[PDB]
$ cat query.cif   # mmCIF, C-alpha atoms
data_input
#
loop_
_atom_site.group_PDB
_atom_site.id
_atom_site.type_symbol
_atom_site.label_atom_id
_atom_site.label_comp_id
_atom_site.auth_asym_id
_atom_site.auth_seq_id
_atom_site.Cartn_x
_atom_site.Cartn_y
_atom_site.Cartn_z
ATOM 1 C CA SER A 1 -20.746 7.935 -7.102
ATOM 2 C CA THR A 2 -17.560 8.830 -5.283
ATOM 3 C CA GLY A 3 -15.879 8.160 -1.965
ATOM 4 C CA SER A 4 -13.269 9.996 0.080
ATOM 5 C CA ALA A 5 -11.567 8.690 3.221
ATOM 6 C CA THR A 6 -8.681 9.869 5.361
ATOM 7 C CA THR A 7 -5.733 7.504 5.789
ATOM 8 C CA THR A 8 -3.562 7.826 8.904
ATOM 9 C CA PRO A 9 -0.053 6.528 9.692
ATOM 10 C CA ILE A 10 -0.076 3.769 12.309
ATOM 11 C CA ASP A 11 3.078 5.037 14.039
ATOM 12 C CA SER A 12 5.734 7.761 14.045
ATOM 13 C CA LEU A 13 7.650 6.109 11.171
ATOM 14 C CA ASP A 14 4.753 5.765 8.688
ATOM 15 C CA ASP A 15 5.231 1.974 8.748
ATOM 16 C CA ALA A 16 1.742 1.663 7.269
ATOM 17 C CA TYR A 17 -1.493 3.612 6.919
ATOM 18 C CA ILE A 18 -4.987 2.746 8.141
ATOM 19 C CA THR A 19 -8.276 3.877 6.668
ATOM 20 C CA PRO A 20 -11.657 3.399 8.367
ATOM 21 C CA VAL A 21 -14.035 1.030 6.544
ATOM 22 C CA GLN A 22 -17.690 0.353 7.370
ATOM 23 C CA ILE A 23 -18.701 -3.320 7.117
ATOM 24 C CA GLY A 24 -22.164 -4.769 7.652
ATOM 25 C CA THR A 25 -25.499 -3.593 9.010
ATOM 26 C CA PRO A 26 -25.407 -1.876 11.410
ATOM 27 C CA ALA A 27 -21.970 -0.669 10.424
ATOM 28 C CA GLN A 28 -18.918 -2.189 12.045
ATOM 29 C CA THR A 29 -15.988 0.151 11.494
ATOM 30 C CA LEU A 30 -12.588 -1.472 11.076
ATOM 31 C CA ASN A 31 -9.291 0.263 10.290
ATOM 32 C CA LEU A 32 -7.848 -1.424 7.228
ATOM 33 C CA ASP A 33 -4.499 -1.255 5.442
ATOM 34 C CA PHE A 34 -5.263 -0.293 1.832
ATOM 35 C CA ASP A 35 -2.851 -2.321 -0.239
ATOM 36 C CA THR A 36 -2.374 -1.695 -3.985
ATOM 37 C CA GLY A 37 -0.074 -4.734 -4.003
ATOM 38 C CA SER A 38 -2.714 -7.364 -3.140
ATOM 39 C CA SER A 39 -6.316 -8.153 -3.930
ATOM 40 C CA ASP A 40 -8.001 -9.608 -0.838
ATOM 41 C CA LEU A 41 -10.189 -7.707 1.618
ATOM 42 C CA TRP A 42 -9.693 -9.639 4.839
ATOM 43 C CA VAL A 43 -10.464 -8.814 8.441
ATOM 44 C CA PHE A 44 -9.859 -9.887 11.976
ATOM 45 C CA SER A 45 -13.141 -11.434 13.024
ATOM 46 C CA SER A 46 -15.135 -13.321 15.628
ATOM 47 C CA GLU A 47 -13.725 -16.435 13.923
ATOM 48 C CA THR A 48 -10.062 -15.511 14.415
ATOM 49 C CA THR A 49 -8.149 -17.851 16.756
ATOM 50 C CA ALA A 50 -8.423 -16.058 20.096
ATOM 51 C CA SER A 51 -4.701 -16.273 20.911
ATOM 52 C CA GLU A 52 -3.933 -14.487 17.619
ATOM 53 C CA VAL A 53 -6.062 -11.435 18.428
ATOM 54 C CA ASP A 54 -4.320 -8.755 20.511
ATOM 55 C CA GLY A 55 -6.217 -5.471 20.507
ATOM 56 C CA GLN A 56 -7.645 -5.459 16.978
ATOM 57 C CA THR A 57 -11.244 -4.552 16.296
ATOM 58 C CA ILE A 58 -13.052 -7.589 14.918
ATOM 59 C CA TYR A 59 -15.843 -8.071 12.406
ATOM 60 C CA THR A 60 -18.663 -10.235 13.758
ATOM 61 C CA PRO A 61 -20.775 -11.411 10.813
ATOM 62 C CA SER A 62 -23.488 -12.849 13.082
ATOM 63 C CA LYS A 63 -24.270 -9.265 14.199
ATOM 64 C CA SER A 64 -24.700 -8.027 10.614
ATOM 65 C CA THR A 65 -28.139 -8.430 9.064
ATOM 66 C CA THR A 66 -26.634 -8.200 5.562
ATOM 67 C CA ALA A 67 -23.836 -10.782 6.057
ATOM 68 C CA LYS A 68 -24.154 -14.043 4.144
ATOM 69 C CA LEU A 69 -21.713 -16.957 4.287
ATOM 70 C CA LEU A 70 -20.211 -17.547 0.852
ATOM 71 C CA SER A 71 -20.665 -21.269 1.076
ATOM 72 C CA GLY A 72 -17.586 -23.386 0.480
ATOM 73 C CA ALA A 73 -15.252 -20.443 -0.114
ATOM 74 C CA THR A 74 -11.882 -20.268 1.596
ATOM 75 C CA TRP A 75 -8.856 -18.014 1.258
ATOM 76 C CA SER A 76 -5.173 -18.112 2.131
ATOM 77 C CA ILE A 77 -2.562 -15.470 1.405
ATOM 78 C CA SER A 78 1.174 -15.019 1.901
ATOM 79 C CA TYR A 79 2.741 -11.588 1.595
ATOM 80 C CA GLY A 80 6.181 -10.454 0.479
ATOM 81 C CA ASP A 81 7.311 -9.875 4.059
ATOM 82 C CA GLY A 82 6.550 -13.487 4.978
ATOM 83 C CA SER A 83 3.327 -12.746 6.842
ATOM 84 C CA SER A 84 0.124 -14.680 6.132
ATOM 85 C CA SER A 85 -3.528 -15.216 6.963
ATOM 86 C CA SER A 86 -6.395 -17.491 5.978
ATOM 87 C CA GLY A 87 -10.048 -18.253 6.637
ATOM 88 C CA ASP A 88 -13.523 -18.335 5.131
ATOM 89 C CA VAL A 89 -15.676 -15.758 3.329
ATOM 90 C CA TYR A 90 -18.845 -13.736 3.767
ATOM 91 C CA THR A 91 -20.480 -11.262 1.464
ATOM 92 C CA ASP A 92 -21.640 -8.021 3.077
ATOM 93 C CA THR A 93 -22.068 -4.305 2.510
ATOM 94 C CA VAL A 94 -18.809 -2.369 2.610
ATOM 95 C CA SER A 95 -18.484 1.405 2.528
ATOM 96 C CA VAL A 96 -15.379 3.559 2.213
ATOM 97 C CA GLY A 97 -15.621 7.308 2.649
ATOM 98 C CA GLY A 98 -19.293 7.345 1.646
ATOM 99 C CA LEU A 99 -18.947 4.922 -1.293
ATOM 100 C CA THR A 100 -20.957 1.732 -0.787
ATOM 101 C CA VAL A 101 -20.562 -1.697 -2.388
ATOM 102 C CA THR A 102 -23.167 -4.372 -1.720
ATOM 103 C CA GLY A 103 -22.180 -8.043 -1.969
ATOM 104 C CA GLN A 104 -18.481 -7.406 -1.335
ATOM 105 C CA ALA A 105 -16.438 -10.482 -0.441
ATOM 106 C CA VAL A 106 -15.262 -9.987 3.144
ATOM 107 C CA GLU A 107 -12.653 -12.582 3.968
ATOM 108 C CA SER A 108 -12.868 -13.572 7.612
ATOM 109 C CA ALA A 109 -9.570 -14.604 9.174
ATOM 110 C CA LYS A 110 -9.437 -17.867 11.093
ATOM 111 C CA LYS A 111 -5.658 -17.645 11.358
ATOM 112 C CA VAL A 112 -3.191 -14.763 11.134
ATOM 113 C CA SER A 113 0.605 -14.822 11.442
ATOM 114 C CA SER A 114 2.461 -13.231 14.341
ATOM 115 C CA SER A 115 3.206 -9.965 12.512
ATOM 116 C CA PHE A 116 -0.522 -9.266 12.226
ATOM 117 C CA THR A 117 -1.285 -10.245 15.827
ATOM 118 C CA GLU A 118 1.495 -7.975 17.059
ATOM 119 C CA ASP A 119 0.138 -4.952 15.212
ATOM 120 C CA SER A 120 -2.886 -3.886 17.245
ATOM 121 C CA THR A 121 -3.596 -0.951 14.921
ATOM 122 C CA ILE A 122 -4.375 -2.900 11.718
ATOM 123 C CA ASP A 123 -7.739 -4.700 11.664
ATOM 124 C CA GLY A 124 -7.183 -6.206 8.210
ATOM 125 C CA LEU A 125 -6.286 -5.401 4.603
ATOM 126 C CA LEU A 126 -8.230 -3.960 1.697
ATOM 127 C CA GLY A 127 -6.593 -5.024 -1.559
ATOM 128 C CA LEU A 128 -6.519 -2.684 -4.530
ATOM 129 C CA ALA A 129 -4.373 -4.601 -7.030
ATOM 130 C CA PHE A 130 -6.081 -6.480 -9.870
ATOM 131 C CA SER A 131 -8.701 -9.087 -9.016
ATOM 132 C CA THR A 132 -6.724 -11.785 -10.835
ATOM 133 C CA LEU A 133 -4.588 -11.974 -7.640
ATOM 134 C CA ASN A 134 -7.526 -12.591 -5.316
ATOM 135 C CA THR A 135 -6.990 -15.840 -3.360
ATOM 136 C CA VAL A 136 -10.593 -16.945 -2.751
ATOM 137 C CA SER A 137 -11.196 -20.542 -3.840
ATOM 138 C CA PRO A 138 -12.967 -22.122 -5.653
ATOM 139 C CA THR A 139 -14.600 -18.925 -6.960
ATOM 140 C CA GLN A 140 -12.223 -15.955 -7.196
ATOM 141 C CA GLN A 141 -13.684 -12.708 -5.863
ATOM 142 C CA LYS A 142 -13.464 -9.085 -6.962
ATOM 143 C CA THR A 143 -11.780 -6.229 -5.118
ATOM 144 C CA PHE A 144 -13.745 -3.370 -3.616
ATOM 145 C CA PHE A 145 -12.551 -1.127 -6.467
ATOM 146 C CA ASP A 146 -13.539 -3.620 -9.139
ATOM 147 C CA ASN A 147 -17.025 -3.947 -7.630
ATOM 148 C CA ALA A 148 -17.403 -0.161 -7.288
ATOM 149 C CA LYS A 149 -15.979 0.729 -10.709
ATOM 150 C CA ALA A 150 -19.103 0.794 -12.854
ATOM 151 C CA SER A 151 -20.883 3.059 -10.347
ATOM 152 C CA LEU A 152 -18.009 5.536 -9.988
ATOM 153 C CA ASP A 153 -18.120 8.892 -11.770
ATOM 154 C CA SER A 154 -14.712 7.966 -13.261
ATOM 155 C CA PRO A 155 -13.069 4.523 -12.961
ATOM 156 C CA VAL A 156 -10.165 5.698 -10.810
ATOM 157 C CA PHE A 157 -8.898 5.880 -7.280
ATOM 158 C CA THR A 158 -6.156 8.126 -5.940
ATOM 159 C CA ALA A 159 -3.600 7.758 -3.160
ATOM 160 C CA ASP A 160 -2.355 10.866 -1.396
ATOM 161 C CA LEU A 161 -0.242 9.580 1.485
ATOM 162 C CA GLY A 162 1.160 11.938 4.061
ATOM 163 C CA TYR A 163 4.650 12.196 5.487
ATOM 164 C CA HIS A 164 4.213 11.824 9.244
ATOM 165 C CA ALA A 165 0.662 13.089 8.671
ATOM 166 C CA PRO A 166 -2.754 11.978 7.470
ATOM 167 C CA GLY A 167 -3.639 11.759 3.788
ATOM 168 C CA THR A 168 -6.492 10.690 1.570
ATOM 169 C CA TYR A 169 -7.817 7.878 -0.604
ATOM 170 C CA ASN A 170 -10.409 9.090 -3.135
ATOM 171 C CA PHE A 171 -12.580 6.898 -5.332
ATOM 172 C CA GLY A 172 -14.177 8.007 -8.572
ATOM 173 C CA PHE A 173 -12.684 11.484 -8.966
ATOM 174 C CA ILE A 174 -9.402 13.396 -9.190
ATOM 175 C CA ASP A 175 -9.143 16.229 -6.655
ATOM 176 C CA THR A 176 -7.424 18.913 -8.720
ATOM 177 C CA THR A 177 -6.683 20.910 -5.528
ATOM 178 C CA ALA A 178 -4.583 18.074 -4.075
ATOM 179 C CA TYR A 179 -1.498 18.394 -6.288
ATOM 180 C CA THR A 180 0.720 20.966 -7.956
ATOM 181 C CA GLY A 181 1.521 21.226 -11.657
ATOM 182 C CA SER A 182 0.232 18.507 -13.959
ATOM 183 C CA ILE A 183 -0.314 14.756 -13.610
ATOM 184 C CA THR A 184 1.991 12.640 -15.783
ATOM 185 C CA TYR A 185 0.476 9.348 -16.856
ATOM 186 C CA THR A 186 2.468 6.246 -17.641
ATOM 187 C CA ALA A 187 1.664 2.762 -18.988
ATOM 188 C CA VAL A 188 0.711 -0.162 -16.752
ATOM 189 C CA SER A 189 1.216 -3.866 -17.266
ATOM 190 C CA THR A 190 -1.357 -6.019 -15.487
ATOM 191 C CA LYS A 191 0.408 -9.272 -16.482
ATOM 192 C CA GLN A 192 1.468 -10.019 -12.886
ATOM 193 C CA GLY A 193 -1.722 -8.596 -11.333
ATOM 194 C CA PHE A 194 0.048 -5.464 -10.044
ATOM 195 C CA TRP A 195 0.066 -1.767 -10.884
ATOM 196 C CA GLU A 196 3.343 -2.381 -12.698
ATOM 197 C CA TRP A 197 5.024 0.467 -14.554
ATOM 198 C CA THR A 198 8.459 1.607 -15.739
ATOM 199 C CA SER A 199 10.222 4.568 -14.214
ATOM 200 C CA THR A 200 12.489 6.494 -16.606
ATOM 201 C CA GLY A 201 15.373 6.906 -14.177
ATOM 202 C CA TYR A 202 16.709 8.501 -11.019
ATOM 203 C CA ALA A 203 18.884 11.142 -9.401
ATOM 204 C CA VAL A 204 20.574 11.272 -5.984
ATOM 205 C CA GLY A 205 20.458 14.619 -4.222
ATOM 206 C CA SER A 206 21.473 17.433 -6.557
ATOM 207 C CA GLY A 207 23.169 14.970 -8.906
ATOM 208 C CA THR A 208 22.566 14.520 -12.600
ATOM 209 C CA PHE A 209 19.595 12.451 -13.685
ATOM 210 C CA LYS A 210 20.412 8.932 -14.893
ATOM 211 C CA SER A 211 18.100 7.808 -17.678
ATOM 212 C CA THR A 212 17.397 4.128 -17.191
ATOM 213 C CA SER A 213 14.264 1.985 -17.240
ATOM 214 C CA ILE A 214 13.206 0.644 -13.834
ATOM 215 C CA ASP A 215 10.211 -1.688 -13.916
ATOM 216 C CA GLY A 216 8.363 -1.841 -10.616
ATOM 217 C CA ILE A 217 5.041 -1.809 -8.806
ATOM 218 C CA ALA A 218 3.136 0.972 -7.094
ATOM 219 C CA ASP A 219 2.455 -0.640 -3.727
ATOM 220 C CA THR A 220 0.796 1.253 -0.894
ATOM 221 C CA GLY A 221 1.098 -1.834 1.296
ATOM 222 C CA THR A 222 4.916 -1.805 1.310
ATOM 223 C CA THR A 223 6.651 0.676 3.616
ATOM 224 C CA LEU A 224 9.928 1.246 1.802
ATOM 225 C CA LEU A 225 11.347 1.874 -1.674
ATOM 226 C CA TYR A 226 13.018 -1.249 -3.084
ATOM 227 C CA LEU A 227 15.189 -0.706 -6.160
ATOM 228 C CA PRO A 228 18.045 -2.437 -8.005
ATOM 229 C CA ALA A 229 21.265 -2.866 -6.060
ATOM 230 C CA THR A 230 23.139 -0.532 -8.439
ATOM 231 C CA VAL A 231 20.684 2.328 -7.782
ATOM 232 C CA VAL A 232 20.618 1.759 -4.038
ATOM 233 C CA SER A 233 24.413 1.616 -3.780
ATOM 234 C CA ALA A 234 24.654 4.926 -5.682
ATOM 235 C CA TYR A 235 22.245 6.502 -3.189
ATOM 236 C CA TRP A 236 23.902 5.293 0.018
ATOM 237 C CA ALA A 237 27.390 6.094 -1.305
ATOM 238 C CA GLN A 238 26.388 9.758 -0.800
ATOM 239 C CA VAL A 239 25.830 9.270 2.944
ATOM 240 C CA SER A 240 29.000 9.201 5.032
ATOM 241 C CA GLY A 241 29.180 6.017 7.087
ATOM 242 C CA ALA A 242 26.261 4.248 5.442
ATOM 243 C CA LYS A 243 26.637 0.545 4.818
ATOM 244 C CA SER A 244 24.677 -2.580 4.082
ATOM 245 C CA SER A 245 24.347 -4.722 7.185
ATOM 246 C CA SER A 246 23.414 -8.383 6.746
ATOM 247 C CA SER A 247 22.761 -8.644 10.509
ATOM 248 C CA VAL A 248 20.255 -5.791 10.425
ATOM 249 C CA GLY A 249 18.845 -6.734 7.028
ATOM 250 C CA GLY A 250 19.647 -3.741 4.847
ATOM 251 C CA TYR A 251 21.336 -0.381 4.578
ATOM 252 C CA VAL A 252 21.897 1.524 7.792
ATOM 253 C CA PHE A 253 23.374 4.963 8.300
ATOM 254 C CA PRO A 254 24.592 7.151 11.160
ATOM 255 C CA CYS A 255 21.645 8.824 12.847
ATOM 256 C CA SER A 256 23.716 12.044 12.784
ATOM 257 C CA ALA A 257 23.569 12.160 8.961
ATOM 258 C CA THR A 258 21.619 14.534 6.764
ATOM 259 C CA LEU A 259 20.131 12.380 3.989
ATOM 260 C CA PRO A 260 20.061 13.490 0.335
ATOM 261 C CA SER A 261 16.837 13.504 -1.624
ATOM 262 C CA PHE A 262 16.072 10.834 -4.213
ATOM 263 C CA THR A 263 14.367 11.648 -7.512
ATOM 264 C CA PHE A 264 12.539 9.150 -9.715
ATOM 265 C CA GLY A 265 11.339 9.656 -13.273
ATOM 266 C CA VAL A 266 7.792 9.343 -14.539
ATOM 267 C CA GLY A 267 8.078 9.867 -18.260
ATOM 268 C CA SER A 268 9.722 13.277 -18.657
ATOM 269 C CA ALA A 269 8.484 14.308 -15.195
ATOM 270 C CA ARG A 270 10.346 13.968 -11.898
ATOM 271 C CA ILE A 271 9.158 13.131 -8.373
ATOM 272 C CA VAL A 272 11.464 14.240 -5.559
ATOM 273 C CA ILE A 273 11.550 12.245 -2.323
ATOM 274 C CA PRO A 274 12.987 14.513 0.389
ATOM 275 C CA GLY A 275 15.858 13.075 2.414
ATOM 276 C CA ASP A 276 13.810 13.036 5.624
ATOM 277 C CA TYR A 277 11.341 10.583 4.036
ATOM 278 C CA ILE A 278 14.208 8.070 3.790
ATOM 279 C CA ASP A 279 14.935 8.105 7.552
ATOM 280 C CA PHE A 280 13.369 5.142 9.395
ATOM 281 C CA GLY A 281 15.047 5.892 12.691
ATOM 282 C CA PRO A 282 17.155 3.888 15.118
ATOM 283 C CA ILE A 283 17.449 0.189 14.328
ATOM 284 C CA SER A 284 16.648 -0.480 17.987
ATOM 285 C CA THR A 285 15.640 1.916 20.736
ATOM 286 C CA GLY A 286 18.536 4.186 21.681
ATOM 287 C CA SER A 287 20.798 3.122 18.812
ATOM 288 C CA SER A 288 22.796 5.641 16.826
ATOM 289 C CA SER A 289 22.490 3.424 13.751
ATOM 290 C CA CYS A 290 19.429 4.329 11.684
ATOM 291 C CA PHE A 291 17.553 2.239 9.128
ATOM 292 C CA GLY A 292 17.322 3.383 5.525
ATOM 293 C CA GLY A 293 14.136 3.912 3.571
ATOM 294 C CA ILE A 294 15.667 2.907 0.230
ATOM 295 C CA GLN A 295 16.710 -0.739 0.111
ATOM 296 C CA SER A 296 17.804 -3.282 -2.493
ATOM 297 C CA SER A 297 15.185 -5.320 -4.331
ATOM 298 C CA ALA A 298 17.759 -8.004 -5.146
ATOM 299 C CA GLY A 299 16.225 -11.347 -4.205
ATOM 300 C CA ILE A 300 12.692 -9.894 -3.931
ATOM 301 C CA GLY A 301 12.374 -10.460 -7.651
ATOM 302 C CA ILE A 302 10.598 -7.159 -8.233
ATOM 303 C CA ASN A 303 11.194 -3.449 -7.653
ATOM 304 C CA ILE A 304 8.662 -1.855 -5.305
ATOM 305 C CA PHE A 305 7.630 1.797 -5.231
ATOM 306 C CA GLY A 306 6.309 1.587 -1.683
ATOM 307 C CA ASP A 307 5.121 4.309 0.663
ATOM 308 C CA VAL A 308 8.503 6.127 0.776
ATOM 309 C CA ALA A 309 8.080 6.879 -2.925
ATOM 310 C CA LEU A 310 4.301 7.180 -3.146
ATOM 311 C CA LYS A 311 3.946 9.634 -0.244
ATOM 312 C CA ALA A 312 6.068 12.126 -2.229
ATOM 313 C CA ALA A 313 3.345 12.207 -4.909
ATOM 314 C CA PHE A 314 -0.332 12.407 -5.695
ATOM 315 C CA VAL A 315 -0.943 9.053 -7.389
ATOM 316 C CA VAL A 316 -3.766 8.192 -9.784
ATOM 317 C CA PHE A 317 -4.682 4.543 -10.213
ATOM 318 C CA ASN A 318 -6.639 4.650 -13.467
ATOM 319 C CA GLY A 319 -8.785 1.541 -13.857
ATOM 320 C CA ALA A 320 -10.028 2.330 -17.354
ATOM 321 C CA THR A 321 -10.177 -0.540 -19.871
ATOM 322 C CA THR A 322 -6.467 0.046 -20.463
ATOM 323 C CA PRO A 323 -5.190 0.926 -16.994
ATOM 324 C CA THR A 324 -2.545 3.599 -16.419
ATOM 325 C CA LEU A 325 -0.811 5.292 -13.483
ATOM 326 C CA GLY A 326 -0.514 9.033 -12.934
ATOM 327 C CA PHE A 327 1.940 10.899 -10.726
ATOM 328 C CA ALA A 328 1.959 14.544 -9.703
ATOM 329 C CA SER A 329 4.050 16.541 -7.282
ATOM 330 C CA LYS A 330 2.193 18.033 -4.319
#

$ encode --input "query.cif" --output "structure tokens"
Amino acid sequence: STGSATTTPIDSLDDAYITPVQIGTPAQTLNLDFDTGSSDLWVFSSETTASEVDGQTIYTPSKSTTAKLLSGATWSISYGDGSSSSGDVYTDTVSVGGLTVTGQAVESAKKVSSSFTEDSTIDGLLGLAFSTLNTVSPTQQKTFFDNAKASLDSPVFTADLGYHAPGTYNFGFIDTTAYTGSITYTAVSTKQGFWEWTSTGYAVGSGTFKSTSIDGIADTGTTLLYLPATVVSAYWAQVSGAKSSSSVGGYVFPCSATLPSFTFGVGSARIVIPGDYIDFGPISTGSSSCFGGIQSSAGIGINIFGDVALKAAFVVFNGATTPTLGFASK
């Protein structure tokens, strides 16, 4: 089997991407944030505290003939941005882009933090990291990809995120029309539950490539590119007037600037992030100070190849017995 679904930016900045997902019988379609940095599929639901729902579409398990309470199971998750959610668990039929999993754990939110409430466009998350990170207790549950894997034509999914435009998540096949040149594959460590890999270096603009190992995670659920302070300083030093602002919470730059590209290495291959991808617009409405798309990972504890980086590439998440990651230009 295979699946193919379009993923759409939630706003004009590509803060996140939503992908329609069919849950239950008859189908209830919710727009979920596919997140390769976590491993829970959770939804706003009929059980979510009413004051914490503000415009989201909810899953109502009582209206699904295939929903079954997973008795005794609870979940609770905290994300890198400080947001969180928790609740109980049902199993139900879940389909993405024509690919159907029966008996998928669907984690029903009883509580969500303010960041989720305030984002009317995201109806929940669909985790695509390794199932070892799943938070269901006392019986850990598998991700949608893990459940689908044996039935897929090939044990892979691909992320093809757009810049200010829709893109695609495919399951079970590599669309050879979706990228240019060849795909370069690189080793993955699953030791922390992430799609963790090591970039071979970077360049700023038309500058020379610096060969240096940068361990980080491929994370579709993080907006920006978070890299070591040395790398980030070298980037922003090429933008007149850019500075790190503790009050704003990262590097800012004059909105009048033209940003340089940023290149990252994948083995001997190179992925180029155009300068425009690094512009996250005015810090506040009407400001002439703009927020940068490359930020320091210092104090996160991990480097994160978030959407800013991933949307510059066609990315293969290879879930073979020894997982790997592939990157192509597009």

$ residues_around --input "query.cif" --residues "residue 114 (chain A)" --least-positions-apart "5" --cutoff "10 Å" --atoms "all atoms listed in the file" --output "PyMOL selection string"
chain A and resi 52-53+83-85+119

$ atom_distance --input "query.cif" --atom1 "CA of residue 138 (chain A)" --atom2 "CA of residue 24 (chain A)"
23.7 Å

$ atom_distance --input "query.cif" --atom1 "CA of residue 43 (chain A)" --atom2 "CA of residue 148 (chain A)"
19.2 Å

$ atom_distance --input "query.cif" --atom1 "CA of residue 329 (chain A)" --atom2 "CA of residue 147 (chain A)"
29.4 Å

$ resolve_selection --input "query.cif" --expression "the PyMOL selection byres ((chain A and resi 132) around 9)" --output "number ranges by chain"
A: 39, 129-131, 133-135, 140-142, 192-193

$ write_last_selection --input "query.cif" --atoms "C-alpha atoms" --output "short mmCIF file (atom, residue, chain, number, x, y, z; two decimals), keeping the file's coordinate frame"
data_model
loop_
_atom_site.label_atom_id
_atom_site.label_comp_id
_atom_site.auth_asym_id
_atom_site.auth_seq_id
_atom_site.Cartn_x
_atom_site.Cartn_y
_atom_site.Cartn_z
CA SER A 39 -6.32 -8.15 -3.93
CA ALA A 129 -4.37 -4.60 -7.03
CA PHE A 130 -6.08 -6.48 -9.87
CA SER A 131 -8.70 -9.09 -9.02
CA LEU A 133 -4.59 -11.97 -7.64
CA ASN A 134 -7.53 -12.59 -5.32
CA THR A 135 -6.99 -15.84 -3.36
CA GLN A 140 -12.22 -15.96 -7.20
CA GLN A 141 -13.68 -12.71 -5.86
CA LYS A 142 -13.46 -9.09 -6.96
CA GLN A 192 1.47 -10.02 -12.89
CA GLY A 193 -1.72 -8.60 -11.33
#

$ residues_near_point --input "query.cif" --point "(13.6, -4.9, -7.5)" --cutoff "7 Å" --atoms "only C-alpha atoms" --output "VMD selection string"
chain A and resid 216 226 to 228 296 to 298 300 to 304

$ residues_around --input "query.cif" --residues "residue 94 (chain A)" --least-positions-apart "3" --cutoff "8 Å" --atoms "only C-alpha atoms" --output "PyMOL selection string"
chain A and resi 21-24+100-102+104

$ closest_residue --input "query.cif" --among "A:201, A:292, A:55, A:326" --to "residue 243 (chain A)" --atoms "only C-alpha atoms"
A:292

$ residues_around --input "query.cif" --residues "residue 271 (chain A)" --least-positions-apart "5" --cutoff "8 Å" --atoms "all atoms listed in the file" --output "mmCIF file with C-alpha atoms, in the coordinates of the input"
data_model
loop_
_atom_site.group_PDB
_atom_site.id
_atom_site.type_symbol
_atom_site.label_atom_id
_atom_site.label_comp_id
_atom_site.auth_asym_id
_atom_site.auth_seq_id
_atom_site.Cartn_x
_atom_site.Cartn_y
_atom_site.Cartn_z
ATOM 1 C CA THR A 263 14.367 11.648 -7.512
ATOM 2 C CA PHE A 264 12.539 9.150 -9.715
ATOM 3 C CA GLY A 265 11.339 9.656 -13.273
ATOM 4 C CA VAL A 266 7.792 9.343 -14.539
ATOM 5 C CA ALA A 312 6.068 12.126 -2.229
ATOM 6 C CA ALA A 313 3.345 12.207 -4.909
ATOM 7 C CA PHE A 327 1.940 10.899 -10.726
ATOM 8 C CA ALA A 328 1.959 14.544 -9.703
ATOM 9 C CA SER A 329 4.050 16.541 -7.282
#

$ closest_residue --input "query.cif" --among "A:78, A:211, A:154, A:45" --to "residue 107 (chain A)" --atoms "only C-alpha atoms"
A:45

$ residues_around --input "query.cif" --residues "residue 324 (chain A)" --least-positions-apart "5" --cutoff "7 Å" --atoms "all atoms listed in the file" --output "mmCIF file with C-alpha atoms, keeping the file's coordinate frame"
data_model
loop_
_atom_site.group_PDB
_atom_site.id
_atom_site.type_symbol
_atom_site.label_atom_id
_atom_site.label_comp_id
_atom_site.auth_asym_id
_atom_site.auth_seq_id
_atom_site.Cartn_x
_atom_site.Cartn_y
_atom_site.Cartn_z
ATOM 1 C CA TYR A 185 0.476 9.348 -16.856
ATOM 2 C CA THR A 186 2.468 6.246 -17.641
ATOM 3 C CA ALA A 187 1.664 2.762 -18.988
ATOM 4 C CA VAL A 188 0.711 -0.162 -16.752
ATOM 5 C CA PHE A 317 -4.682 4.543 -10.213
ATOM 6 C CA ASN A 318 -6.639 4.650 -13.467
#

$ axis_aligned_box --input "query.cif" --around "region 200-209 of chain A" --padding-each-side "5 Å" --output "JSON"
{"center_x": 17.8, "center_y": 12.0, "center_z": -10.4, "size_x": 20.7, "size_y": 20.9, "size_z": 22.4}

$ closest_residue --input "query.cif" --among "A:307, A:123, A:88, A:47" --to "residue 220 (chain A)" --atoms "all atoms listed in the file"
A:307

$ residues_around --input "query.cif" --residues "residue 204 (chain A)" --least-positions-apart "4" --cutoff "8 Å" --atoms "only C-alpha atoms" --output "MDAnalysis selection string"
chainID A and resid 208:209 234:235 238 260:263
